[PDB]
Structures are given as structure tokens and as C-alpha cells.
Amino acid sequence: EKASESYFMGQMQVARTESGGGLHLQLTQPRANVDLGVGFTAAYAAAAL
Amino acid sequence: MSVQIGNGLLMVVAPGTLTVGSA
Amino acid sequence: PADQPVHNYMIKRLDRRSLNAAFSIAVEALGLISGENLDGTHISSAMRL
């Protein structure tokens, strides 16, 4: 639908670890969401097979 | 708009090894 | 019985997810980038590039 999901994106965080002489970076981005329509807002049909 | 001045900080903490060994 | 106009009050709770991708880096490449394995030669520039 026109706007069927509230969706929030966080601030990206990076965290490493010196495992074997070389860095090992691990990027991470927290994010959360919530529906924002009373009643149903999406539906599928299962056409083919 | 996300990459390397805190990913700056992050990689090259590198050129510091003594932090000398002597009092 | 003539129904009186009904009201209500409903709330909704967020859900929290995440994402993460990672990438490593070799052990001697790390010496090449910083400069501790760099030599004032004509080859090591090529490897650093």
C-alpha cells in the first residue's frame, strides 16, 4: 500500500578484532520497524505453480 | 556519508608500537 | 437500543532488527597500507597502490 510500514534506520557502527595480524572489521546497523495501518495492508495471491 | 574518519580513527591507530619500554 | 457512538484507543509496539556484513584484510597488506613494511624503493610503491 501507499505507506504500509514505518521504518527507522540507525547509525552504522563498526567493530574490529586483530585476529592473526590482520584486522577483521564487522559493520553493523541497528534498525527497527512497525506497521502503521489499522486493518490489513498487504496480501498475496499465489498465482503460478 | 559513512566511511573512514571514525573508520579514519579505526584503521590507522597503526604507527604507535613503542609506548616505550623504559622508565 | 440506540447505540451510543463508540470510541477506542489502541497502541502498537516496535520491533527491532539488525544487519551486519564484514570484510577482513590480510596480514602483510596491513603493513603495506600503514607504512611499517614500506621501503623507500621503487617497487613497494606499486604494491602499496
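Residues numbered from 1 in each chain as written, not as in the entry; some residues may be left out. Chains lettered and ligands numbered in written order. Part of a larger assembly, values for the part shown. Heavy atoms only, no water.

As recorded in the entry header, the structure was determined using cryo-EM to a resolution of 4.53 Å.

> Hey, could you run me through the overall build of chain A in this one?
Tallying secondary structure elements over chain A gives 0 helices and 3 strands in all. When the elements of chain A are put in sequence order from the N terminus, they spell out β-β-β. C-alpha atoms of chain A, sized along the principal axes, occupy 55 × 30 × 15 Å. Among the 49 residues that make up chain A, the fraction classed as buried is 24%. Long-range pairs, those at least 24 residues apart, make up 38% of the contacts in chain A between residues at least 6 apart in sequence. For chain A, the accessible area works out to roughly 4000 Å², and carbon and sulfur atoms hold 57% of it. (Helix = DSSP H or I, 4+ residues; strand = E, 2+ residues; numbered from the N terminus. Buried < 20%, exposed > 50% of the residue type's maximum accessible area, 1.4 Å probe, protein only. Contact = heavy atoms within 4.5 Å. Areas by Shrake-Rupley, 256 points an atom, 1.4 Å probe, with all protein chains shown as cover.)

> Any chance you could explain the interface of chain B and chain A here in plain terms?
Contacts between the two partners involve 4 residues from chain B and, on the opposite side, 4 residues from chain A. Each partner contributes to the roughly 350 Å² buried at the junction of chain B and chain A, and carbon and sulfur atoms together form 80% of this total. Looking only at chain B, the three residues that lose the most surface to chain A are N7(B), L10(B) and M11(B), adding up to 79% of its buried area. At the surface where chain B touches chain A, the tally comes to 0 salt bridges. At the junction of chain B with chain A, the criterion picks out 0 residue pairs in polar contact. Grouping the amino acids of the side of chain B that touches chain A by side-chain chemistry returns 2 nonpolar, 2 polar and no charged. (Buried area = accessible area lost by both parts, 1.4 Å probe. Salt bridge = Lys/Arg side-chain N within 4 Å of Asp/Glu carboxyl O. Polar contact = N/O pair within 3.5 Å; in protein donor to acceptor, adjacent residues only side chain to side chain. Nonpolar A, V, L, I, M, F, W, Y, C, P; charged D, E, K, R; others polar.)

> Would you explain the interface of chain C and chain A in this entry?
Interface size is often expressed as the accessible area that is lost when the parts come together. Between chain C and chain A, the contact holds 18 residues from the first and 19 residues from the second. If you look at where chain C meets chain A, you find 1 salt bridge. Those elements giving two or more residues to the side of chain C that touches chain A turn out to be β1 (15-24) and α1 (27-34) of chain C. The residue makeup of the side of chain C that touches chain A, split by class, is 10 nonpolar, 3 polar and 5 charged. Inspection of the sheet shows strand β3 (residues 24-34) of chain A paired to β1(C) by 10 bridges, in the antiparallel sense. (Pairing = 2+ DSSP bridges.)

> Looking at this model, I keep getting lost on the pairing of β3(A). Mind explaining?
If a strand is regular, its side chains alternate between the two faces of the sheet. Residues and elements named next belong to chain A. Summarising the sheet, strand β1 (residues 6-9) and β3 pair through 4 bridges and their orientation is antiparallel. By the bridge assignment, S6 is partnered in β3 with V34. Here strand β2 (residues 13-15) pairs with β3 via 3 bridges, running antiparallel. When the sheet's bridge partners are listed, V14 is paired in β3 with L27.

> I keep staring at the pattern of salt bridges and nothing clicks. Help me out?
Working definition: two side chains of opposite charge can pair if their charged atoms are close together. By the definition in use, this model includes 2 salt bridges over all chains. Two residues, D35(A) and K12(C), come together in a salt bridge whose shortest N-O distance is 3.9 Å. Pair noted here: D35(A) is in the segment after β3 and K12(C) is in the segment before β1, and the two residues belong to different chains.

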